[PDB]
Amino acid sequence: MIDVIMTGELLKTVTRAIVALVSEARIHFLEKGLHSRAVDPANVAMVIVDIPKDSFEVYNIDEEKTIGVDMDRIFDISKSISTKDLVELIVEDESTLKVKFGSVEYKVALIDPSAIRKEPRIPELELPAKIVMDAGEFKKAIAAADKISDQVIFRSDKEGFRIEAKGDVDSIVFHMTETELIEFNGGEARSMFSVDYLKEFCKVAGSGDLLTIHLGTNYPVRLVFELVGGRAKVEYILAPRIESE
């Protein structure tokens, strides 16, 4: 049996983080917490979710189980759950998922996990630049950039960290030095990315949440978001855009 109780904010956060890339997904309930990951059908972005058991108000299982969930459905339902509302997820039989909150009980057919596209493997990315800042700031920088290009460049060296976008008539540049960042190794890196993925990523973060960036040169970027008061960890890995002829 699986019987956990979490807050609405926590549940609404992972369903969104996930649904942003995939429609169905394998959710793993492990001894140390909830885990899940998927790659969007573009084969461009990857999201890895981890919610440690202590984040849950209650987290009971008899063994480590894996379930196939229709995320579009869970997302749709979580809109009815309130932020400060407490929600109970229950999996008694092996074919239906129960979601409780308020005076409502929602049931849904599970998907045979084996039927869902085998999840990808957690990559091994050793990268130069390491940046830790407020997700809120990052969010604003991307939004500004979004008004200029469909792509931005993440640049990094001893001077600091920079996000830049270029139009044919104007440009915009975001910049922070070690003094302003929470942590900064001054590593050297440069990569280009699509602004649209970054915005979609930022939809699950706000001011006060921590963001850790792992950046390299012409390599995927690691955006590790720590949300809901440090109760959840949502990691997005995005493939880069490549210039050529």
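One-based numbering along the sequence shown.
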On average, are the C-alpha B-factors higher in 63-71 or in 203-211?
63-71
Quick one: higher average CA temperature factor, 36-44 or 23-31?
23-31
Please pick out which of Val152, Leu125, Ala129, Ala144 has the largest Cα B-factor as recorded in the entry.
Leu125
Going by the CA temperature factor in the PDB record, which third of the chain does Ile5 belong to: lowest, middle or highest?
middle
Lowest, middle or highest third: which one holds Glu119 when the chain's residues are ordered by CA B-factor from the entry?
highest
Temperature factor at the Cα of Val173, chain-ranked in thirds, falls in the lowest
Taking the C-alpha B-factors as the PDB entry records them, is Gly136 in the lowest, middle or highest third of its chain?
lowest
What third of the chain, by the recorded C-alpha B-factor, contains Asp50?
lowest
